[PDB]
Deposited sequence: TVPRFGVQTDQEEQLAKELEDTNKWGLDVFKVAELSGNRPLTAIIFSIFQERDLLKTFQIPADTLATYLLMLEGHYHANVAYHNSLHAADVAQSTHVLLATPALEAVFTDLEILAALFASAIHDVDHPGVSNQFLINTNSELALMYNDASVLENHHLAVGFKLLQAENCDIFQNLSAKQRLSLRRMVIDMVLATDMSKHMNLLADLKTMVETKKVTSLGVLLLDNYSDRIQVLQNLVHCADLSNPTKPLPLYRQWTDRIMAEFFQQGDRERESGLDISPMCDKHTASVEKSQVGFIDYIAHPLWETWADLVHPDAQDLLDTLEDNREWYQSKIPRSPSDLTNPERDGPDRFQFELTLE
């Protein structure tokens, strides 16, 4: 099994680029190229190794590679934005958000594993916005696909988790992937604002979420924020995401930053102040049309 589960000629440059795995400014587009166009597999391996998750949950390296290669293969490369690169970006953003100082020692390794897995499969088999009941049918499909692939030969990365752990993780993953459904945005934001107003921090300045009910609300918002993190990334990266979104948009009052991204990121920023101010500053920069 290759260093990052992927086979590439420029494995040297790939490793160097992946040194920014813990950074919000990671150039995932560069990772995509250097990984032989397998950003998701490379990113998840880099993240898992960084968090020592393979050893913690006894996830066989070859099993992870096989599952990821198969998962990444179920994202449609012809779909401009909702492809494995977006999945890799969301997982990596989730990884950094989880490492926020304000959330230190708040989540268990299982909750962390669930958030990263959810991020990895959250848009799998997306057919494209123009080709997409009324109860998160699409997000439930992403979950179904992400889960079914675990049943393939040598693909069950959770084989060494107890039944109790699998039940917990499955439930959390479902909750987080369903939280990426934009129709749930307004209600999720309301919940987050409530978490902010009733926030409680220790003397060390760390959030206090002793109750699971509160933990899952934060985790849902965290992954939702990761999914909507494009505008908080450096302009060069944001413009590339924007170019992809427009291609998918055209494939066969008003404003994204003002009405969707800002209200959400400002609230998240309040939850972890001062940890996310840099993101708001970047958002503000990207909002300056004439700058």
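The deposited sequence has C-alpha coordinates everywhere except the stretches 1, 134-146, 267-291, 331-358.
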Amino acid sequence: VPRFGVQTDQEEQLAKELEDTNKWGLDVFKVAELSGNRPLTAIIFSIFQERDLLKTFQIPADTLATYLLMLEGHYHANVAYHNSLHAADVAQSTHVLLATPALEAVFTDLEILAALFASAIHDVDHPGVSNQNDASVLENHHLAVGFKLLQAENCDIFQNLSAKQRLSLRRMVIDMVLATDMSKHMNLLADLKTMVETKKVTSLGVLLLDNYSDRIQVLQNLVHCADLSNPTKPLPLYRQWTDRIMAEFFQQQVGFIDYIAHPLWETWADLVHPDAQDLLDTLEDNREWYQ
From here on, numbers count along this sequence of modelled residues.
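Between 262-270 and 52-60, the higher mean Cα B-factor belongs to 52-60. Look at the C-alpha B-factors of 200-208 and of 214-222. On average they run higher in 200-208. Taking only the listed residues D175, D125, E72, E104, the entry reports the highest CA temperature factor at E104. For the set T94, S84, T180, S136, the PDB entry assigns the largest Cα B-factor to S136. Placement of the Cα temperature factor of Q240 within the chain: lowest third of the modelled residues, per the deposited record. Among all modelled residues in its chain, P231 ranks in the lowest third by Cα B-factor. Per the deposited record, the Cα B-factor of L189 falls in the middle third when ranked against the other modelled residues of its chain.
Among the modelled residues of the chain, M246 sits in the lowest third by CA temperature factor in this PDB entry. Annotation for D89: C-alpha temperature factor in the lowest third relative to the rest of the modelled chain, per the entry.
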